[PDB]
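Every residue, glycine among them, receives a Cβ derived from its backbone with ideal geometry; neighbour counts consider all protein chains shown. Just so it is clear, none of the values below were taken in a lab; they were calculated from the coordinates.
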Amino acid sequence: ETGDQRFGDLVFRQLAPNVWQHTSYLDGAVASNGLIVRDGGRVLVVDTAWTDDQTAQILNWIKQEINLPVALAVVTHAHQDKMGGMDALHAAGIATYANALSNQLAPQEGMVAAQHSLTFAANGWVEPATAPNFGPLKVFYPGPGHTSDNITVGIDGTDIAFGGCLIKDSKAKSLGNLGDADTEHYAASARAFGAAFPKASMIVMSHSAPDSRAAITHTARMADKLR
Ligand SMILES: O[B-](O)(O)c1cc2cc(CBr)ccc2s1
Ligand SMILES: [Ca+2]
Ligand SMILES: [Ca+2]
Ligand SMILES: [Ca+2]
Ligand SMILES: [Zn+2]
Ligand SMILES: [Zn+2]
């Protein structure tokens, strides 16, 4: 697409003045998207790429095009598209945060655990002391859906919310990989994510281009048929 930039195996698309989407491919060639946020004098990353080499490519692109230190990364669940690059984040000295449940499931899912655990209230909001100096990232656990551990992130100051692999696009035909999914609670979880970030108009997700809020309602409608 016009305006996109390629660095090695990675493609970046600016979504807002201080937000970019990172896309990595794993062989057909499957795309996974995460986010890069410029918060003042530092950078925040949401999700790794599929692999350590791909994740290092994100870090080098950030140094070349943004030239600000990467303070921390939040990863959205314990699967390869979201945490495959944890060793690269650790080698680069980036503090890593995941849901505690993602850190618990990580060895069983073949992932490396993050250095810190985020915990959540009954209402899905992160307990603030487990998310120190997160700037505009607002972390919400919507309930089990794509996986039991899936978390979501709002970028405060923007129109952007990230559903990760929980949300799928509004023309989708399936919910994608349901092997570790909670079929009963998925619809409610997708709706809870839309309610958490009621004013977000750009919904970014792992396996499609950014969509409108129609991705949330469409994903919930498809999920209703699993219960
Ligand atoms: O459930 B999801 O985090 O969306 C994953 C999709 C996927 C695909 C391959 C081969 Br292409 C290997 C690992 C994973 S994980
Ligand atoms: Ca590794
Ligand atoms: Ca599994
Ligand atoms: Ca039940
Ligand atoms: Zn997954
Ligand atoms: Zn995924």
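Based on alpha-carbon atoms only, what is the radius of gyration of segment 67-151 relative to the globular estimate 2.2 N^0.38 Å?
Cα-based Rg divided by the globular estimate yields 1.04.
Report the local net charge at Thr147: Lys and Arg +1, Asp and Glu -1, summed over other residues whose C-beta lies under 12 Å from its C-beta.
Here the count lands on -4.
Can you list the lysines whose alpha carbon is less than 23 Å from that of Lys138, not counting same-chain residues fewer than 8 positions off?
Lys82, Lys168, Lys199
Per the helix-only calculation at 222 nm, which mean residue ellipticity applies to the chain, given -39500 (n - 2.57) for every DSSP H run of n ≥ 4 and division by its residues, nearest 500 deg cm²/dmol?
Value at 222 nm, helices only: -6500 deg cm²/dmol.
Working from the pairwise distances between different alpha carbons, so that the mean of 1/r is found and then inverted, what is segment 112-202's Kirkwood radius in Å?
After inverting the pairwise mean of 1/r, the radius is 13.8 Å.
Please list, in chain and number order, the residues 5+ apart from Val112 or on another chain whose amide H is under 5 Å from its amide H, with Hs placed from the backbone.
Distant-sequence amide H within range of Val112: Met86.
Can you compute 3J(HN,Hα) from phi for each residue in segment 76-85, using the Karplus curve 6.51 cos²θ - 1.76 cosθ + 1.60 with θ = phi - 60°, rounded to whole Hz and x for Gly and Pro?
Each residue's phi maps through the Karplus curve to give 8, 5, 8, 10, 5, 5, 10, 10, x, x Hz.
Output the direction-averaged projected area (hull surface divided by four) of the convex hull of the alpha-carbon atoms of segment 1-141, in nm².
Quarter of the Cα hull surface area: 8.8 nm².
Net charge near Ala78: determine it from the other residues with C-beta under 13 Å of the C-beta of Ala78, scoring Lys and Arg +1 and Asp and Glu -1.
Once all neighbours under 13 Å are counted, the net charge is -4.
When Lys and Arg each count +1 and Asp and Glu each count -1, what net charge do the other residues less than 12 Å away from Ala88, Cβ to Cβ, add up to?
Summing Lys and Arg as +1 and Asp and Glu as -1 gives -3.
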